[PDB]
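To start, the structure under review is shown below, and the notes come after it.
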Ligand SMILES: OC[C@@H](O)[C@H](O)[C@@H](O)CO
Ligand SMILES: OC[C@@H](O)[C@H](O)[C@@H](O)CO
Ligand SMILES: OC[C@@H](O)[C@H](O)[C@@H](O)CO
Ligand SMILES: OC[C@@H](O)[C@H](O)[C@@H](O)CO
Ligand SMILES: [Mg+2]
Ligand SMILES: [Mg+2]
Ligand SMILES: [Mg+2]
Ligand SMILES: [Mg+2]
Ligand SMILES: [Mg+2]
Ligand SMILES: [Mg+2]
Ligand SMILES: [Mg+2]
Ligand SMILES: [Mg+2]
């Protein structure tokens, strides 16, 4: 009937999301800045579980150690007052002009050293605040032109950076894991580690791969026209889905950061189905921007709608999977056979099995329908709640 | 002045490329079939090093063991007559209706067993013909709808298939490596292992990863709007570029398979620069389709142009890298600094280095220009041969 | 509760849709051909209003005048037996190799003359069968390369063709209008008149513009990443929406021709809302392809689902527009003000109105929220039937 | 050999291009603001013909009539000192928060009235400064969500606005024409009049269509994956190319505004070929952004490169068209036949011509090759200056 979030639903929001002032490449801010304390409060009242932050969202850049301390304690007090948690944190290595060519892979060596020190400083803070995941979105790592960046050297520098962060964390005894967030472009012409697959592959080259996973974002993979639930299944299959950023995107264009549920709705349905089915237990984090058309009432409406749409899709996906008619259609489409080993009998028995080749009736096989269209219309009926 | 290929340039072509009859989703064949023997001949005269094949290009489907033998010997004779080599081969697991839901990840278990046997049969043949690389393009592995395919189960099946192929090859003592060819879509709505990064990550989960690399294709990565030279640098960095398919593509749309050099020309320039710089020593294979507007004279013209454009770009990229003014611009943009370790002095010295944070002049750093636009115009002048 | 189509709903299907055999650029047919008579029958039983055809779907190419006549009479008999209508027809100017460079804008003048005669022949037939709309999809009008086609000369040839067709129709006294179907690419690299807007503009240059409108297709505009309901509003605004092709498409890639409702579901919702609101009274034609994974049972399931999804969306859009809370949100977002003239008082009164500039409070204006996010979540709740 | 621009080449630049400070959606300004007077100067020294402006680039928003006057006279003095012209001007209706939902089609009626008054004020100024073209880019006219904007009502409002501007200009006796600049998205989710074709069609509905043309932009049409030279040929064919914005774009993604020549290089070649061939005589205006990686030396380098690349492409396109071998290839591909009327003999003679149908040899026609691949490689050789 209705769909109210509880903190048990693990919904979390970045300070920068509801706090986005509405500045875009062609326009000035349309909303005033939000005090972090005020956001914690408002989010708590909406049913959220926690918030996340960039170092610079919380502690304004160039802050004295003194001012730093005051900012953290007011924040901490808001968290104690509301019961809100801080499950993830990250570093802003993209806004300040010093990062115009990147942080960890900037051509200037002194900038790469500064980016590491800025990062290390905020990992200590995140650990204090209790975060369990440290996200890294290398927004400025990339190029607008081919000669500007040797990508093998840049990958060496990127691995060097993450390996040093891993050494730091292990030597401190910290219980925190890293999650690399890929994005194919924007604000660089091309960004390094453009998709979930590139980040997964990169991780396997690190000195301690087990400390690193991915933080995929709905809109990022869709900016490359990729199927996000598929990319998430691959990350789940690799054991690397450490966090996830949820939002909406209408296709291949600039990253819109629409509220979750907006953009590609069927994709959202299949994503919720997979997360709930796979038992994903991390935060459901919304990395989104209330449109600049909105005032603050529209900001909290947008934030509420993220949660609402997740909870509606979860109910429709559970209804779909629990429907006996759907379970029969799944067997009719042979999903059960997909889950069985192709050749548990082993290579030699396969080579020896004439039914697998010499005597296989390929024409009868080809004639069998997969029945996928009836299955997909049942999924559609369930999503629309039209199961007459 | 001019640009004639020699077999030393390692240019190779699939039988299916120049042999494409011009059938597309809206139209009938516009050219008659080509005899493989005739293609070997014509390609040899154009300066090509070798050819490649799908099992079904060479031996028509459903061929008796008898007919099989005759097809192979005529082919072999053409190769002896011309000096042409066969460096790579692959399996057609996409054309026959039995593969409509996939080969290795078809939901029907008996189809997956047949796909493995069909593959194993052609690996023996490729080894006989001397191929060093066996390519696998899983064109039908994927879905048009979310419920049709559990992607974790499909990845299990895909790993199972490649692991069995690796066991086969090792138990036979064969000297051949596999190269997985990613593609994001077409002819399935979404294909599994959609990009070079997804294939790289997948490989690391196989039982013997060292037997497997990638075969990226220019147009495939551009169908996801990705930067192909970047994806190739990542594959080179991982030690996994085992083969490469060259062609041209105009952006995000159906896969056009234009001749190499057509489509995104600057991308082609940066790709040739990287392959020649990195010392890539594999075949330069053209996987392309002469447009259906063409007769056979236009087919060989198209094939010649692939080679011609590679050789022109190689000369311009070598001229660019050898130009002292470009080498100065590279230092001005700090490419040399990119190649130096960020922190060879180690974590503790970095943490102890006040010049990396406490005393770093971020405002002076931010003010330094990267000089990338002057570097890129030198690259452009060289490509256009306008170095006045 | 449930959603059965009646012939009053004006649902129509091309013979080529349910009759698609499953041939794609990488694969053989997976279904046997369908007899047109059988399709008419099956569609009638599903609740369809009528069917459409290319000349070549009905009368196989190169048919004697004799065979032609027999094909038409069996068809006609099926229509009499079922009550099915034929509201639209079109010409196949894309499949035969003679059309490889186009029909009306082929470089060869004799091919352009043949394309006109082939077209004229089928207009007489369509008129006999009672069609009210003749569609023209110039699938082969275009180029893969810049020098192959002078586009100003091609536009001259295209206008020449349509002007001659208009002269023909007027001199025969026929009551039929033409509808130009744009598509941005596929099967040519770029097709002429790539979007609804280009076709609208072209029409205004014809000798009798009033005889011509557009036949936009859902998937075609989405292949250019465009908003289809917006393009349809522009066509409605121009008085030119003469027919519409419905299907589903997942973003910018090859044209998938998914059943209607699949692909971008929210877009489908906003399209149905606009058609029903604007009083569009033409056929709701499905130009789609049952996936090649399917057997014939899946074909009719796919066809039924097209109708079902339209009828479900129509109910949700009517519920949305009839909801008093939505009507209040529309006024809160000032949709009512959008419909009022900006300056009914005229230019001089506007120039004289100090409240429009000298004394306009721009800061108070900027501060007003548009309230669009709350409106969009009401639309979402209605679509999902979650109006608790 | 080398390629120096002269003011006779009609190269022009917006104040906002070289003056872009480097603010993007994720980052702060990296360059200090430029004084307009300084830009005029620097551009003059580079060989530019003139500059253009938004009202707000020249006169800071909220300026007293007094300050206004001083800004204009310093500007005017710079123009007198350098000989620079001001051929085009436009209005900023996108930056100030008051325009967050649009200018001419904002839902708030008072905002639409203010947008017209702001525009009228700057047309008087542009006319004083001698501009011949007034550009209108409706950057904020559009929506992020379907219910936010009734597009038929918005088109009514947009027509109302342009009709009032036309009445104003005619009643003042001003010699100035308007040029509508389409863009498919960014910064709105979808923008109204998304492509050259939609703007062309819209214009035909205005009260005095002859006062309005288009200002297409390279990167804008490529953001929809469209062929820009094709769109320009259609605009030329309609007599509506009144101005053009040149830059570079790498495919379908955020609008990059790269210098001209960057992005799709072959497209740039075919565009220059068409403009020079068609005798386009308007300004060659660069609407581009020097990358934020650059300091001011890189800004002027980027600006110089725009001009340089145009002049190099113009030389290669003229060489291509003047090459007797290319003129023979054009006849071999039947470009000459494309330019001949299909049926100058008229409808009745066509219907009576048995050679056009009854006796047309379709099989011999189909067999003729179009020879486009050889033609395209000649175009490629010329572009690369490899005409051995
Ligand atoms: O595209 C922007 C990215 O989504 C960031 O918001 C990261 O999630 C956090 O730095
Ligand atoms: O898109 C098609 C693929 O490129 C294939 O040609 C593989 O390279 C070989 O099966
Ligand atoms: O993309 C193919 C087109 O949609 C055609 O089906 C036309 O509608 C009819 O020729
Ligand atoms: O995408 C931004 C547009 O190109 C503008 O620069 C217009 O040309 C001028 O307002
Ligand atoms: Mg984002
Ligand atoms: Mg994110
Ligand atoms: Mg391909
Ligand atoms: Mg290939
Ligand atoms: Mg289609
Ligand atoms: Mg259609
Ligand atoms: Mg732009
Ligand atoms: Mg512009």
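FYI, residue positions are counted from 1 along the chain as it appears here.
So how was this one determined? The header says X-ray crystallography, 2.0 Å.
Keep in mind that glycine also has a Cβ here, set from the backbone N, Cα and C atoms.
Annotated features, as they stand in Swiss-Prot:
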- A:54: active site (ACT_SITE)
- A:57: active site (ACT_SITE)
- A:181, A:217, A:245, A:287: Mg(2+) 1 binding site (BINDING)
- A:217, A:220, A:255, A:257: Mg(2+) 2 binding site (BINDING)
Message: Beyond the listed site residues A:181, A:217, A:245, A:287, identify every same-chain residue whose Cβ lies within 8 Å of the center of their Cβ atoms for the Mg(2+) 1 site.
response: A:135, A:137, A:215, A:216, A:218, A:219, A:220, A:244, A:246, A:247, A:285
- prompt: Can you tell me how far the Cα of residue A:57 (active site) sits from the Cα of residue A:287 (Mg(2+) 1 binding site), in Å?
  reply: 14
Among A:54, A:220, which are recorded positions, the residue with the most C-beta atoms within 10 angstroms of its C-beta: A:220
Chain-internal residues near residue A:181 (Mg(2+) 1 binding site), provided their CB is under 8 angstroms and they sit 6+ positions away: A:135, A:136, A:137, A:138, A:199, A:214, A:215, A:216, A:217, A:220, A:245
Message: Among all protein chains shown, how many Cβ atoms are found within 10 Å of the Cβ of residue A:257 (Mg(2+) 2 binding site), not counting that one?
response: 23
- prompt: Which chain-mates of residue A:255 (Mg(2+) 2 binding site) that are at least 6 residues away have a CB under 8 A from its CB, listed by sequence?
  reply: A:183, A:186, A:219, A:220, A:223, A:249
Message: Give me the count of other Cβ atoms within 10 A of the Cβ belonging to residue A:287 (Mg(2+) 1 binding site).
response: 25
- prompt: Including all protein chains displayed, how many Cβ atoms other than that of residue A:57 (active site) lie within 10 Å of its Cβ?
  reply: 20
Task: Using the centroid of the Cβ atoms of A:217, A:220, A:255, A:257 as reference, list every other same-chain residue with Cβ within 8 Å of it (recorded Mg(2+) 2 site), in sequence order.
output: A:183, A:218, A:219, A:223, A:245, A:247, A:249, A:256, A:287
Message: I need the CA-to-CA distance for residue A:257 (Mg(2+) 2 binding site) versus residue A:54 (active site), whole Å please.
response: 17
- line: Those recorded positions among A:57, A:181, A:217, A:257, A:287 lining ligand 1, judged by a Cβ under 6 Å from any of its atoms, are A:181, A:217, A:287
Residue A:245 (Mg(2+) 1 binding site) CB neighbourhood, other CB atoms within 10 A: 26
- request: Within 10 Å of the Cβ of residue A:217 (Mg(2+) 1 binding site), how many other Cβ atoms can you find? Include all protein chains, please.
  value: 26
Query: So which of the recorded positions A:57, A:255, A:287 sit close to ligand 6, that is, with a CB under 6 Å from an atom of it?
result: A:287
- prompt: Quick one: what's DSSP say for residue A:181 (Mg(2+) 1 binding site), helix, strand or coil?
  reply: coil
Field: Annotated recorded positions A:54, A:57, A:181, A:245, filtered by Cβ under 6 Å to ligand 5
entry: none
